[PDB]
Amino acid sequence: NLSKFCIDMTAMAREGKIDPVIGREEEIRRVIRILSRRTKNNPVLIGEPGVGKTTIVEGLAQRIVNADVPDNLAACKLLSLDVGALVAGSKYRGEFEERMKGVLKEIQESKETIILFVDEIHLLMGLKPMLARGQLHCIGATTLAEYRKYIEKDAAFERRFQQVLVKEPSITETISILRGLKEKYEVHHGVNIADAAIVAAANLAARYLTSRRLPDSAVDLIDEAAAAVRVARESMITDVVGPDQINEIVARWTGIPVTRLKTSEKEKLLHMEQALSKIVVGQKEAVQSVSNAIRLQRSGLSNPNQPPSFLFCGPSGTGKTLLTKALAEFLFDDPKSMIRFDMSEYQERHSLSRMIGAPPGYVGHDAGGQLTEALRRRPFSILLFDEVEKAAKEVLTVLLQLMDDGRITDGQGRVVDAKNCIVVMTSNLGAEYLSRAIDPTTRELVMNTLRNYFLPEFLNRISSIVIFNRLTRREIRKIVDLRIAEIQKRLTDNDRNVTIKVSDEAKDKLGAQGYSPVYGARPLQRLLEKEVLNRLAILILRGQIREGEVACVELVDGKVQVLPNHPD
Amino acid sequence: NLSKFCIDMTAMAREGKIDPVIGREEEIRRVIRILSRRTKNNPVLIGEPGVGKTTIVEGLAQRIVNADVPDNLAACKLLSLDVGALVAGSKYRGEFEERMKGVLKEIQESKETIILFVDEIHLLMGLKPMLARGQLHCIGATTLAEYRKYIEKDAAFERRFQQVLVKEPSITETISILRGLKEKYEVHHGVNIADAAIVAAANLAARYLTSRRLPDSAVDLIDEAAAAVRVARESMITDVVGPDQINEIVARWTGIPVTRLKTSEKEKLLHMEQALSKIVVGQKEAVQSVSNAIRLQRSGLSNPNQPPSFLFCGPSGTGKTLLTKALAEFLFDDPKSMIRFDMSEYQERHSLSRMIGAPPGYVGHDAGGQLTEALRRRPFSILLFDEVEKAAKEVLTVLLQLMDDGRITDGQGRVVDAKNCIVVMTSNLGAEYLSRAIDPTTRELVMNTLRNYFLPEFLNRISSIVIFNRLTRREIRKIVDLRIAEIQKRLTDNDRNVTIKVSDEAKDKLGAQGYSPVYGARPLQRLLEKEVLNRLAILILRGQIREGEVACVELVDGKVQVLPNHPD
Amino acid sequence: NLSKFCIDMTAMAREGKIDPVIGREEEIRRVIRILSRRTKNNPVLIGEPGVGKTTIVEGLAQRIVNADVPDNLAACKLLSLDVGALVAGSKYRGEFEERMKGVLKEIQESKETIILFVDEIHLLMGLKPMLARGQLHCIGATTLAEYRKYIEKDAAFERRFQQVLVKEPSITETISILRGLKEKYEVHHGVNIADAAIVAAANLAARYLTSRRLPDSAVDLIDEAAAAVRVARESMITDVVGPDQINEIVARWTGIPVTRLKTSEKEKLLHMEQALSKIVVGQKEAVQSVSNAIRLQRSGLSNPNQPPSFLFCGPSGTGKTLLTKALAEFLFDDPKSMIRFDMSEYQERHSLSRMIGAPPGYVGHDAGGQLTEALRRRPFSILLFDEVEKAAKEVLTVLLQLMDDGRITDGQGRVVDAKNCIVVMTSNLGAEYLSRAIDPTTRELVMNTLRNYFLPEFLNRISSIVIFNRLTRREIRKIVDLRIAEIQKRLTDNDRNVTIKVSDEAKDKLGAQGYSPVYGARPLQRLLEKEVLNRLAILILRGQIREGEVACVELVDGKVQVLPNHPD
Amino acid sequence: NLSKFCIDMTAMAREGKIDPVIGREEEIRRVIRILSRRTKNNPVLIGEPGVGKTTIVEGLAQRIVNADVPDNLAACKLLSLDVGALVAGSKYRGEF
């Protein structure tokens with residue numbers, strides 16, 4: 001028996017050893033149709049890594065062995081290749097090819113019509129199976145990449161193969177197939193599940209694990225997750241899988257407390273400005289506006305195809321970048337979700353390859369376009385593009401393609417999908433009117449400046465064009481108060497606890513200094529940090545300042561100096 | 001005997017396993033003739049993917065087997081190795097060349113008259129049987145490009161060969177080819193079809209799926225029909241194929257109602273004004289003008305090789321952009337069928353390289369050809385160009401040499417087809433002559449100030465001469481009403497239902513406001529959108545105007561504002 | 001039965017033949033969960049070799065035999081595989097392959113469920129146990145490198161498997177392991193120990209960059225030293241192992257003086273500035289800044305993970321290199337701690353990639369990029385960074401990340417951060433701005449320069465910024481005086497021992513001849529060598545000066561000559 | 001260590017394979033004090049071709065090796081790089 005590398009799934013059907021799967025049924029009938037297609041019986045699938053496309057094939061074979069398909073196929077048979085154990089059981093070609101030939105005749109002398117499948121089928125190309133004369137029956141499945149690079153290249157294959165593209169799973173239909181596997185899995189150890197828990201878990205892998213992604217793979221991951229959950233429950237403890245544990249485990253996989261996640265994504269929409277003010281202050285109006293706009297996107301009352309768009313028109317120190325990051329965090333629960341891009345790093349036009357990718361005949365195809373790659377990695381994020389006035393107008397047009405539509409394509413045919421992120425932009429090109437005051441006229445005149453800067457349609461993409469304001473004394477004082485709070489935090493990080501006591505005029509002088517004409521107070525932050533921390537730690541380790549005291553931050557002699565309370 | 005690599009076509013001829021496509025006899029005659037060419041016996045066929053010139057050589061083999069050939073060719077054995085059949089068993093080029101010799105030994109063994117064929121035969125370049133004086137006979141085919149890449153190089157080989165062009169099959173000929181195939185396939189499936197529906201299908205594959213190539217594509221279609229049958233008939237009585245299933249599949253590959261396909265393409269012609277009005281309003285004169293122009297195009301009474309062209313003189317977006325859009329989505333029935341081109345970037349000579357190309361050894365030539373692949377993939381499309389007068393004069397030169405001839409050279413070295421394109425130049429170089437009201441003088445003033453810009457005959461190959469205007473306040477308000485209508489539509493898209501009640505007062509207000517001498521009020525679209533979307537979504541996420549609750553879009557004190565229905 | 005070489009660890013457990021190891025319990029529960037599920041029953045241990053890396057499924061078996069394990073898994077029975085024991089049949093797979101064949105079924109003939117251990121199976125395969133579809137239970141112990149090499153490559157491997165993380169058994173936690181193992185090593189060797197002796201042993205072993213991993217070195221050296229003490233005792237002497245013994249043991253194993261084991265590395269960190277001066281002086285701000293910063297990282301008041309980070313400017317090699325080396329010795333008394341890194345090379349991006357590991361393609365798979373290489377091999381080292389502005393921005397971001405306690409996956413995969421390395425960066429051309437004295441003025445311009453050429457947060461997390469001044473006369477004198485004292489000493493190394501007294505005024509002329517406003521302390525050593533060593537050799541081989549003399553050297557006519565005492 | 005393209009003029013002096021040139025010695029002091037400067041000590045000689053301005057440069061070096069030096073330039077090394085053959089001989093400017 002030269003089934004040494006194949007076993008019959010249809011047997012397991014007649015042996016009741018494989019469950020069914022749902023979805024793709026129309027595609028199943030598409031398959032069968034092609035299986036009777038005269039010019040090419042043998043189709044090919046295009047599936048993201050190992051969803052269980054196989055399972056689709058076996059549900060097909062199941063309906064078959066349930067006597068429900070055309071006779072030309074109802075009398076057929078299906079094996080399951082181990083392409084590995086062939087390319088691994090033999091040394092190299094020469095005998096691997098010989099084992100092939102050995103099975104082929106047996107296939108050539110199959111007592112009835114039969115089908116095989118080959119996972120990663122492109123393996124055979126990375127030719128020999130040129131005996132396919134119609135009496136042979138196989139299908140394929142891989143990413144568009146391998147299919148293109150190996151089988152799409154072949155003449156006879158093309159003339160004898162059919163793309164069968166599948167698509168990403170969908171939330172509701174997942175929910176369904178989840179309910180489906182629910183029973184068999186509950187049988188697997190004898191405890192049942194909570195429905196809303198499943199719904200949640202699904203949505204958690206949807207909005208989350210945004211790198212560990214879902215050809216329904218991440219679905220099965222939710223599933224094995226629930227499995228581990230019941231195992232914990234296997235170790236009072238009800239029979240149903242509690243949502244609490246769902247959250248605990250998605251956390252233990254990503255590290256976020258459950259509170260940050262059960263916000264309905266709208267409870268946050270009730271206190272966005274709260275959090276932001278708690279972080280950044282100075283353009284509370286811009287805060288409210290951007291919150292409204294992102295709600296529009298989130299409420300979908302706008303075009304459900306134009307992702308949000310924002311440009312900033314102020315200097316740093318105020319919190320612009322601090323805004324961007326705190327925004328993302330409050331909206332995505334991860335700081336690293338930020339992805340930075342410099343238009344100085346893309347003022348070079350030919351860098352479009354590093355931007356999106358390059359044709360395989362370009363040396364830069366070693367990586368491609370890291371931005372598009374992070375896109376492939378990051379559905380849920382916000383994307384940084386600062387000071388475009390130098391950047392290429394063509395990559396700008398690509399940003400457009402994104403904006404008006406929600407996606408672009410690469411250089412290698414691989415289109416992208418960005419229906420879940422936001423573009424953010426910044427400017428500081430209005431330093432002319434930039435003053436400490438409210439004169440929206442000046443704001444409007446800088447707006448005219450930006451209008452004449454570049455293409456008007458580009459403006460017609462930035463919905464709520466927002467501009468900053470030179471930080472008034474009061475808000476500076478507030479940021480310094482938050483600074484001393486940060487210092488007290490860092491102190492309290494351990495049993496080191498001595499009450500910071502900053503003089504008012506100390507802070508006032510600190511700020512009056514720290515307003516750099518350009519760089520903002522971000523330098524002053526680190527400067528005063530050095531100022532304190534140095535003599536602070538000095539008096540700490542030296543015992544000149546000891547625990548349980550008042551860190552009397554004193555601007556003595558018109559300059560901040562950490563006054564100890566004990567000698568050396 | 002290493003004759004395995006070839007295949008005796010004449011065998012299956014004897015076994016009758018072959019089914020000849022018909023027509024193209026004269027070409028086969030040409031073949032025979034070159035087979036009598038004592039100088040260069042070996043010809044070379046040249047065609048395109050899909051046409052399977054394999055078909056042709058098989059038909060020649062057919063005329064062999066029935067002894068209906070010139071007896072100088074009677075005993076000739078016609079076989080064909082695959083070059084891939086030797087790319088497989090090759091541990092190195094030497095071993096490649098080893099098997100080459102081995103078979104060639106059997107080959108050079110002059111047992112009886114024998115003739116060979118090789119597909120992609122250029123691949124032998126990248127040869128070994130340059131020893132072939134012509135004591136032997138072979139034949140092959142490939143694209144023009146790699147042929148020029150490889151065979152053009154050697155004097156000997158290129159001289160020994162004869163370049164023959166297969167040519168594109170006639171649509172009427174394809175129907176005849178389908179006929180001869182009909183009974184065969186029907187036997188293969190036990191089905192019947194109406195010849196006329198088949199003709200329709202053919203014409204459909206013609207008008208779409210340009211990715212593929214007739215006729216084998218149309219075959220594929222019929223195969224899919226048989227597939228749907230072999231589902232249905234075996235799932236009163238449903239046994240035959242109507243146009244319905246054809247339509248199902250053309251839709252499944254284009255996503256379009258059979259309505260838009262079951263057209264005959266005459267009523268749409270007779271009623272384009274209807275659709276337009278229901279899309280665009282304000283240039284009825286140009287509407288009917290372009291309508292009759294494209295009618296003349298389809299009438300046949302037009303010049304057989306003069307694709308259309310339409311002058312634009314007016315502000316942008318006012319409908320003319322929307323016009324072009326509607327033109328696409330209604331005539332060719334695809335939005336993307338429009339390909340914009342900003343001549344503002346084509347005011348440079350190197351923009352000729354960037355658009356169509358230049359001699360192959362340049363940097364811009366790779367950007368060029370944007371029209372070439374466009375037409376190849378989209379015959380039925382339109383070519384947008386904006387403010388062309390500023391574009392470099394060689395750009396306008398090559399654009400002309402296209403539009404006149406319906407074909408233009410490219411930097412790659414070829415002249416594309418354009419028999420289904422439409423020329424579009426767009427600007428408002430004299431629109432400022434006008435008020436909100438039509439005077440032929442300002443019209444004639446633009447006539448002069450534009451015919452001057454070039455050869456007025458360069459403007460006199462344009463299919464027409466067309467201007468625009470500044471919309472009447474009343475029809476301004478009309479397109480406003482259109483807007484608010486699509487906005488109420490967007491409202492109804494989500495289950496939140498609220499009645500847009502745009503007061504004629506607010507109507508006039510917004511209209512006049514956004515009405516600007518630059519683009520009319522196209523930016524006002526987004527302006528009023530901000531005016532409404534903002535407030536409505538505010539009250540949506542605040543809980544003020546509930547479902548159904550009115551949105552009286554009313555102008556209060558010179559500032560339109562929706563009265564909050566229920567204050568917070 | 002093929003119980004030839006496997007080991008059912010249930011026996012070793014029941015008969016107590018296993019020592020109770022503690023630590024890493026989460027992994028125990030988690031792998032239990034892995035065993036329970038249906039999709040990925042079998043995990044694999046990922047990690048470099050180690051007693052802990054080995055003694056894992058042991059403690060699992062112990063929790064098993066103690067009946068504190070899942071019931072559905074309680075029935076299982078331990079097992080393990082021995083590669084070297086089974087492969088003893090032949091050279092290649094061969095009968096050893098048939099040995100694996102014979103043992104495969106053995107679980108099928110196990111009515112009671114069994115659980116096996118097979119590490120390194122990826123070597124045993126990269127195919128056989130494709131039958132692991134629900135019929136067996138096993139685990140392996142390997143590394144992520146070899147995992148990606150063999151197992152990750154097969155999708156089915158994943159589809160049956162997951163990973164596990166054993167990355168870092170903490171230093172204090174390795175000490176805790178040994179705190180438990182105290183009594184066991186006692187009853188083995190029959191010798192008490194002062195726990196703190198083993199503590200410090202482990203601490204220094206950690207400071208000592210051995211290929212042995214953190215607990216690996218611990219078990220190894222502690223148990224061999226216990227064997228040494230137990231054999232020395234039978235041949236005062238109490239059972240308590242002497243701490244001094246272990247101190248000198250490790251001191252000689254590394255070759256570093258036991259003096260490092262003294263000084264507590266605390267007071268030497270308080271009086272560090274003494275040594276700092278005693279190498280080079282003239283920049284009090286340097287010594288104070290860096291010493292207080294390193295004490296700060298030691299005191300943990302700052303971020304307790306990233307070590308302090310420094311950037312400097314001004315002169316070149318005038319002591320900055322000297323500073324690097326001197327500090328390397330101050331911390332660790334070892335030159336190899338210093339690691340060179342040159343930014344003149346890494347201007348290129350592929351240079352960056354090669355500096356950070358190596359993909360399997362595009363480059364030979366080296367163990368890691370020279371930088372990442374050194375980081376992986378040696379965690380107690382010096383991170384030099386010269387003229388970093390020469391390099392490109394991407395590696396700048398890399399080093400930002402690293403400074404912030406960051407780490408990046410490498411070719412081997414493991415991320416590496418400077419857990420105990422010392423980082424520093426350099427700028428230039430400040431001194432040219434720095435006029436004679438230190439001013440405040442120039443430092444503002446140069447710090448703003450640093451800002452506007454780089455990233456503000458990138459300048460954050462940097463300890464401080466210290467610049468120097470062109471060397472004065474006093475300091476020139478001192479540095480050259482100590483230099484020539486070193487000269488005298490290193491020639492005294494040579495048995496020829498003449499004393500050296502030179503004209504301090506000729507020394508003044510010497511330094512003025514030597515010091516440059518550009519290269520400072522770099523050339524003078526060369527100059528002194530040139531003037532001195534050959535004079536010495538000529539005089540000694542000349543007899544004009546022999547031992548017991550004074551190497552009097554005096555300036556004469558702008559020339560300073562080593563005046564002899566015994567002319568020919 | 002690609003000094004291969006450059007010759008240690010100072011060595012050649014100490015090698016003594018050179019010819020002691022005279023005249024323009026005040027110019028020697030000129031360029032000497034120039035090199036003593038810190039403002040901009042890197043001068044260019046206004047030189048008509050064919051004057052053997054080379055000979056001048058080498059006279060400079062020769063005096064340099066022999067205590068005829070402002071002590072700041074005690075052990076500076078005048079060397080000689082064939083800039084011409086270096087630049088023009090490169091068929092591709094990248095290697096250049």
# chains A, B, ... in the order shown; residues from 1 in each chain; ligands from 1

call {"tool": "calpha_fit_rmsd", "arguments": {"fixed": "chain A", "moving": "chain C"}}
result
2.2 Å

call {"tool": "residues_around", "arguments": {"residues": "residue B:122", "least_positions_apart": "3", "cutoff": "10 Å", "atoms": "only C-alpha atoms", "output": "PyMOL selection string"}}
result
chain B and resi 44+83+118-119+125-127+140-143+146-151

call {"tool": "residues_around", "arguments": {"residues": "stretch 230-237 of chain C", "least_positions_apart": "3", "cutoff": "12 Å", "atoms": "only C-alpha atoms", "output": "PyMOL selection string"}}
result
chain C and resi 185-193+223-227+240-242+245

call {"tool": "write_last_selection", "arguments": {"atoms": "N, CA, C and O atoms", "output": "compact mmCIF listing (two decimals), in the first residue's frame"}}
result
# COMPACT_ATOMS: atom_id res chain seq x y z
N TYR C 185 22.72 19.91 48.87
CA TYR C 185 24.17 19.87 48.68
C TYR C 185 24.89 19.56 49.97
O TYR C 185 25.97 18.96 49.94
N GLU C 186 24.33 19.94 51.12
CA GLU C 186 24.91 19.55 52.39
C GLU C 186 24.93 18.03 52.52
O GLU C 186 26.00 17.41 52.58
N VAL C 187 23.75 17.41 52.54
CA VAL C 187 23.66 15.97 52.71
C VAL C 187 24.43 15.22 51.63
O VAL C 187 24.89 14.10 51.87
N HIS C 188 24.63 15.83 50.46
CA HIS C 188 25.48 15.20 49.46
C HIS C 188 26.95 15.29 49.86
O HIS C 188 27.62 14.27 50.05
N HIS C 189 27.46 16.52 49.99
CA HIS C 189 28.87 16.73 50.29
C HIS C 189 29.18 16.59 51.77
O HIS C 189 30.36 16.44 52.13
N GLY C 190 28.18 16.63 52.64
CA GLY C 190 28.42 16.53 54.07
C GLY C 190 29.15 17.72 54.65
O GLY C 190 29.93 17.56 55.59
N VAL C 191 28.90 18.93 54.13
CA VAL C 191 29.58 20.13 54.60
C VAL C 191 28.57 21.27 54.68
O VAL C 191 27.83 21.52 53.72
N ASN C 192 28.53 21.95 55.82
CA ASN C 192 27.74 23.16 55.96
C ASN C 192 28.34 24.27 55.10
O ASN C 192 29.45 24.17 54.58
N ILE C 193 27.57 25.35 54.91
CA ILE C 193 28.07 26.55 54.26
C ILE C 193 27.44 27.76 54.93
O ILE C 193 26.28 27.74 55.33
N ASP C 223 28.70 23.47 43.26
CA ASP C 223 28.79 22.05 43.60
C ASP C 223 30.21 21.53 43.42
O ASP C 223 30.65 20.67 44.20
N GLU C 224 30.96 22.03 42.44
CA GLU C 224 32.34 21.59 42.33
C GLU C 224 33.17 22.10 43.50
O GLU C 224 34.05 21.40 44.01
N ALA C 225 32.89 23.32 43.98
CA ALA C 225 33.60 23.84 45.14
C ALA C 225 33.21 23.07 46.40
O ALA C 225 34.04 22.87 47.29
N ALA C 226 31.96 22.64 46.49
CA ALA C 226 31.55 21.81 47.62
C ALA C 226 32.25 20.47 47.59
O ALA C 226 32.66 19.95 48.64
N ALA C 227 32.41 19.88 46.40
CA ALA C 227 33.19 18.65 46.29
C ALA C 227 34.64 18.88 46.69
O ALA C 227 35.25 18.04 47.36
N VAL C 240 31.49 23.99 57.59
CA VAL C 240 31.15 25.23 56.91
C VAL C 240 32.22 25.57 55.88
O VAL C 240 33.40 25.74 56.22
N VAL C 241 31.82 25.63 54.62
CA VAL C 241 32.74 26.01 53.56
C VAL C 241 33.21 27.44 53.77
O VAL C 241 32.39 28.35 54.00
N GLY C 242 34.52 27.65 53.72
CA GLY C 242 35.08 28.96 53.91
C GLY C 242 34.76 29.89 52.76
O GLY C 242 34.97 29.57 51.59
N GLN C 245 37.75 30.77 50.48
CA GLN C 245 38.03 29.74 49.49
C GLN C 245 37.31 30.05 48.19
O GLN C 245 37.93 30.11 47.12

call {"tool": "residues_around", "arguments": {"residues": "stretch 281-284 of chain A", "least_positions_apart": "3", "cutoff": "9 Å", "atoms": "only C-alpha atoms", "output": "number ranges by chain"}}
result
A: 273, 276-278, 287-289, 318-319, 466-472, 475, 478-479

call {"tool": "write_last_selection", "arguments": {"atoms": "C-alpha atoms", "output": "compact mmCIF listing (two decimals), in the first residue's frame"}}
result
# COMPACT_ATOMS: atom_id res chain seq x y z
CA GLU A 273 -11.61 65.22 27.40
CA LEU A 276 -6.77 64.35 27.93
CA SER A 277 -6.95 67.38 30.22
CA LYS A 278 -5.48 65.17 32.93
CA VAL A 287 -9.61 68.36 22.37
CA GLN A 288 -13.39 68.46 22.17
CA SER A 289 -13.33 68.78 18.39
CA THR A 318 2.55 72.06 24.79
CA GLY A 319 1.91 68.33 24.48
CA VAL A 466 -6.61 72.43 14.54
CA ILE A 467 -3.97 74.87 15.75
CA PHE A 468 -2.14 75.32 19.04
CA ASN A 469 -1.48 78.34 21.25
CA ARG A 470 1.56 79.70 23.06
CA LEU A 471 1.33 78.40 26.60
CA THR A 472 -0.01 80.94 29.07
CA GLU A 475 -1.00 76.38 32.24
CA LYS A 478 -0.02 73.57 36.02
CA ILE A 479 2.38 71.47 33.94

call {"tool": "residues_around", "arguments": {"residues": "residue C:219", "least_positions_apart": "2", "cutoff": "12 Å", "atoms": "only C-alpha atoms", "output": "PyMOL selection string"}}
result
chain C and resi 50-52+174-175+177-179+181-182+185+198+201-202+205+212-217+221-227

call {"tool": "residues_around", "arguments": {"residues": "stretch 420-424 of chain B", "least_positions_apart": "2", "cutoff": "7 Å", "atoms": "only C-alpha atoms", "output": "mmCIF file with N, CA, C and O atoms, in the first residue's frame"}}
result
data_model
loop_
_atom_site.group_PDB
_atom_site.id
_atom_site.type_symbol
_atom_site.label_atom_id
_atom_site.label_comp_id
_atom_site.auth_asym_id
_atom_site.auth_seq_id
_atom_site.Cartn_x
_atom_site.Cartn_y
_atom_site.Cartn_z
ATOM 1 N N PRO B 307 -11.657 58.276 -31.519
ATOM 2 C CA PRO B 307 -12.320 58.258 -30.213
ATOM 3 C C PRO B 307 -12.682 59.663 -29.766
ATOM 4 O O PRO B 307 -12.078 60.646 -30.222
ATOM 5 N N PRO B 308 -13.658 59.800 -28.868
ATOM 6 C CA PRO B 308 -14.196 61.131 -28.555
ATOM 7 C C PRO B 308 -13.246 62.024 -27.773
ATOM 8 O O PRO B 308 -12.143 61.615 -27.400
ATOM 9 N N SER B 309 -13.694 63.252 -27.518
ATOM 10 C CA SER B 309 -12.894 64.303 -26.909
ATOM 11 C C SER B 309 -13.803 65.485 -26.607
ATOM 12 O O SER B 309 -14.630 65.854 -27.440
ATOM 13 N N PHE B 310 -13.649 66.077 -25.423
ATOM 14 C CA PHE B 310 -14.609 67.074 -24.965
ATOM 15 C C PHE B 310 -13.912 68.186 -24.198
ATOM 16 O O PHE B 310 -13.324 67.947 -23.140
ATOM 17 N N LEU B 311 -14.004 69.399 -24.733
ATOM 18 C CA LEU B 311 -13.387 70.566 -24.129
ATOM 19 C C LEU B 311 -14.114 70.966 -22.854
ATOM 20 O O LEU B 311 -15.336 70.833 -22.752
ATOM 21 N N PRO B 379 -9.710 48.867 -22.083
ATOM 22 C CA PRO B 379 -10.020 49.494 -23.373
ATOM 23 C C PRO B 379 -11.123 50.524 -23.258
ATOM 24 O O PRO B 379 -10.945 51.677 -23.671
ATOM 25 N N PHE B 380 -12.256 50.139 -22.683
ATOM 26 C CA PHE B 380 -13.378 51.043 -22.478
ATOM 27 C C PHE B 380 -13.101 51.892 -21.243
ATOM 28 O O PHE B 380 -13.517 51.539 -20.134
ATOM 29 N N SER B 381 -12.406 53.010 -21.427
ATOM 30 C CA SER B 381 -12.153 53.924 -20.324
ATOM 31 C C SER B 381 -12.054 55.337 -20.874
ATOM 32 O O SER B 381 -12.357 55.597 -22.040
ATOM 33 N N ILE B 382 -11.628 56.252 -20.009
ATOM 34 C CA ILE B 382 -11.573 57.668 -20.331
ATOM 35 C C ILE B 382 -10.265 58.215 -19.784
ATOM 36 O O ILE B 382 -9.733 57.717 -18.788
ATOM 37 N N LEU B 383 -9.748 59.251 -20.437
ATOM 38 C CA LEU B 383 -8.438 59.809 -20.115
ATOM 39 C C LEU B 383 -8.600 61.259 -19.673
ATOM 40 O O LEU B 383 -8.823 62.148 -20.500
ATOM 41 N N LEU B 384 -8.476 61.491 -18.370
ATOM 42 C CA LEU B 384 -8.635 62.817 -17.792
ATOM 43 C C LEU B 384 -7.314 63.568 -17.827
ATOM 44 O O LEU B 384 -6.268 63.010 -17.486
ATOM 45 N N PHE B 385 -7.367 64.833 -18.236
ATOM 46 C CA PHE B 385 -6.217 65.719 -18.162
ATOM 47 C C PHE B 385 -6.703 67.109 -17.784
ATOM 48 O O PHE B 385 -7.766 67.546 -18.234
ATOM 49 N N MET B 403 -4.801 61.135 -29.835
ATOM 50 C CA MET B 403 -6.231 61.380 -29.991
ATOM 51 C C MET B 403 -6.648 61.351 -31.452
ATOM 52 O O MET B 403 -7.718 60.833 -31.790
ATOM 53 N N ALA B 418 -6.565 52.629 -28.686
ATOM 54 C CA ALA B 418 -7.399 53.550 -27.923
ATOM 55 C C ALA B 418 -8.824 53.628 -28.465
ATOM 56 O O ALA B 418 -9.522 54.611 -28.198
ATOM 57 N N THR B 426 -9.263 69.818 -19.221
ATOM 58 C CA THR B 426 -10.110 70.551 -18.286
ATOM 59 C C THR B 426 -9.366 71.741 -17.709
ATOM 60 O O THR B 426 -8.264 71.588 -17.175
#

call {"tool": "closest_atom_pairs", "arguments": {"of": "chain D", "to": "chain C", "cutoff": "9 Å", "atoms": "only C-alpha atoms", "output": "CSV"}}
result
residue,atom,partner,partner_atom,distance
D:38,CA,C:517,CA,8.6
D:67,CA,C:558,CA,7.0
D:70,CA,C:513,CA,8.4
D:71,CA,C:513,CA,4.7
D:72,CA,C:513,CA,5.0
D:73,CA,C:513,CA,6.9
D:74,CA,C:513,CA,5.2
D:75,CA,C:527,CA,7.4

call {"tool": "select_by_dssp", "arguments": {"residues": "stretch 112-235 of chain C", "states": "strand (DSSP E or B)", "output": "ChimeraX atom specification"}}
result
/C:140-142,165,193

call {"tool": "write_last_selection", "arguments": {"atoms": "N, CA and C atoms", "output": "PDB file, in the first residue's frame"}}
result
ATOM      1  N   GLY C 140       9.364  18.800  24.467  1.00  0.00           N
ATOM      2  CA  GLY C 140      10.778  18.926  24.209  1.00  0.00           C
ATOM      3  C   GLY C 140      11.350  20.115  24.954  1.00  0.00           C
ATOM      4  N   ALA C 141      12.677  20.128  25.053  1.00  0.00           N
ATOM      5  CA  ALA C 141      13.424  21.217  25.673  1.00  0.00           C
ATOM      6  C   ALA C 141      14.491  21.676  24.690  1.00  0.00           C
ATOM      7  N   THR C 142      14.313  22.867  24.135  1.00  0.00           N
ATOM      8  CA  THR C 142      15.178  23.379  23.077  1.00  0.00           C
ATOM      9  C   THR C 142      15.299  24.886  23.255  1.00  0.00           C
ATOM     10  N   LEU C 165       7.893  29.989  28.014  1.00  0.00           N
ATOM     11  CA  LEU C 165       8.915  30.994  28.274  1.00  0.00           C
ATOM     12  C   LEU C 165       9.594  30.696  29.601  1.00  0.00           C
ATOM     13  N   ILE C 193      27.571  25.349  54.914  1.00  0.00           N
ATOM     14  CA  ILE C 193      28.070  26.550  54.259  1.00  0.00           C
ATOM     15  C   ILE C 193      27.445  27.763  54.933  1.00  0.00           C
TER      16      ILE C 193
END

call {"tool": "select_by_dssp", "arguments": {"residues": "stretch 126-268 of chain B", "states": "alpha helix (DSSP H)", "output": "JSON, numbers by chain"}}
result
{"B": [144, 145, 146, 147, 148, 149, 150, 155, 156, 157, 158, 159, 171, 172, 173, 174, 175, 176, 177, 178, 179, 180, 181, 182, 183, 184, 185, 186, 187, 188, 189, 195, 196, 197, 198, 199, 200, 201, 202, 203, 204, 205, 206, 207, 216, 217, 218, 219, 220, 221, 222, 223, 224, 225, 226, 227, 228, 229, 230, 231, 232, 243, 244, 245, 246, 247, 248, 249, 250, 251, 252, 267, 268]}
